[PDB]
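Each of the two blocks below gives one form of the same protein chain as structure tokens; they are labelled structure 1 and structure 2.
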Structure 1
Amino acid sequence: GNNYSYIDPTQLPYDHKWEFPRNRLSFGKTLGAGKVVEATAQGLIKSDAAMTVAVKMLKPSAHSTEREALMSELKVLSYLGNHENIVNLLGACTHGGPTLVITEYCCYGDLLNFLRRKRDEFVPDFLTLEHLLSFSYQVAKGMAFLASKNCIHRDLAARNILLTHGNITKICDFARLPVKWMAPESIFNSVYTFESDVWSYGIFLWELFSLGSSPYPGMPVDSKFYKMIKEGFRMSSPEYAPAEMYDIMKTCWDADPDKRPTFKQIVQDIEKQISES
């Protein structure tokens, strides 16, 4: 009770093993916007070698609470540790300021823009169906890893999944809310859990197997949208979605969060699909 408590990663001190000289960073083009830029890190991993990285930083007009928020994200990434399917922390510039968060660089960018570019050149260097099951499998693995560290993402979507060399997908994270990806309990009661992440993973699967279509097409976010979602309206199967994968989406979209599968259940379900190829 009083003697045993969860260890809040945002309350732990910043570990200076991540500290990197900011004069060894040369910023390039902006990757996204709290902007993220491409940069060359001189001597980051090897002393005599430059390395392309991504650097997250706040807008110059960010105030006191925004500055501490970026530090908390840094501490969470440090507490999570390295994993194959997340955009891994590589270093930070914290002395003096402004805080710079150095992470892995993924040359292909976000998965949503990637799928829309490969939309034509798709057949079940060509995007295929084996890639789509691999992508769905790797994202569930990363989310299972997050769930194992008592961390929920709260903005899982194709736009927050990056692609790098070797077709490795990595989970990342770039008030206004992503309504069409949110579980009903998040929209109506503002609660976020492991299960609401699973709901968003189901929406991600629909983006993936439709080659990047916007979810709920032709439906604006309005009174009719909320009414239909609450009454049980769900999207139908995407054009390129296997039957066993659509069965997963339906379970992720269960109105009862306790009936939704866990990411640990999802990974081994997709494992049996890949195995029986």
Structure 2
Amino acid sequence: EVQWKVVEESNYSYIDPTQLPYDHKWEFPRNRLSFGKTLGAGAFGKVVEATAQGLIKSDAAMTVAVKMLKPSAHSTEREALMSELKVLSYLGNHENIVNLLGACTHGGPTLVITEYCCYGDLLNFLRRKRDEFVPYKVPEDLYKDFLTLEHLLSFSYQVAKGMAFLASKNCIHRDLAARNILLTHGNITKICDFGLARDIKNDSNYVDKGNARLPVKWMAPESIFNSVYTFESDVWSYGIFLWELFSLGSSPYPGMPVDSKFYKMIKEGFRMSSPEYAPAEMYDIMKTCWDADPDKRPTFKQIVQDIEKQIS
């Protein structure tokens, strides 16, 4: 919205990602990329499955995901893709994020080489295993490839470790949701920012507010109503993700259209109830994540230590 704002005294401010350095150690020869099918495409950017010759081991090739722009992209999009590469180069490597493997910044359009996660996004994975879920396995043949409570607990734990990594790098996600979590071999979940590769206009999970489209049902109140995005507001989005996880990919606040009454109810203390398969101690974490006071929400470092005792 382009309007007036009354302000009150309360810090952190975004950095201009174009000012971040790009380390050319990530430069990978473009001629060693063999492109496959497009995995997903936004309005201006797309992620393509590809084969990278000698990227990690000089002997053999490996499947990777290459993030690139469409022909319709303008100079601002090309700057944005370069800034996304500069952020990934800045953050460093962690197991629970979609990591940067290389980049092609020469001899053509910019190609960002990321890890390929064979299972896709966690949201579609959960909704696919809905009829194949049991809390724990009793004859094991009947639950061959079943999803269990052990898996969901590991997912909550890995996403929390990934977010804890981002917070330690002074990085705010601002769009934490199951659709932005990817699953790869060994049930490893990886956080990522789709950025230019998700078409926000065609996704009902992003609500048209003014001129912007925001993931309202995942956002903390101070984000929706005060435009305040912090480490603590990410924790709110993690609580909404937990509700997705233990409802097996159900849309949050199911059956509630986003309108003025919805915003009012959230401000007055309205919260979702416990998912059907959520353990009690995990739902406790949800309620703390959804505290209207950002000071009373747990940090991701605390969430990691909390879930760790549950795993053990």
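Superpose the two forms; the largest set of C-alphas matching within 1.5 Å is the rigid core. Along the sequence of structure 1, residues get numbers from 1 upward.
For residue 257, is the C-alpha shift between structure 1 and structure 2 2 Å or more after core superposition?
No, the C-alpha moves less than 2 Å.
Align both forms on the core first, then report whether residue 10 has a C-alpha shift of 2 Å or more between structure 1 and structure 2.
Yes; that C-alpha moves by at least 2 Å between structure 1 and structure 2.
After fitting the core, how far does the CA of residue 96 move between structure 1 and structure 2, in Å?
In the core superposition between structure 1 and structure 2, the C-alpha of residue 96 moves 4.0 Å.
Looking at residue 241, what is the CA displacement between structure 1 and structure 2 after core superposition, in angstrom?
It moves 0.2 Å at the C-alpha.
Between structure 1 and structure 2, C-alpha offset at residue 57 (rigid core aligned, Å):
A shift of 1.0 Å at the C-alpha.
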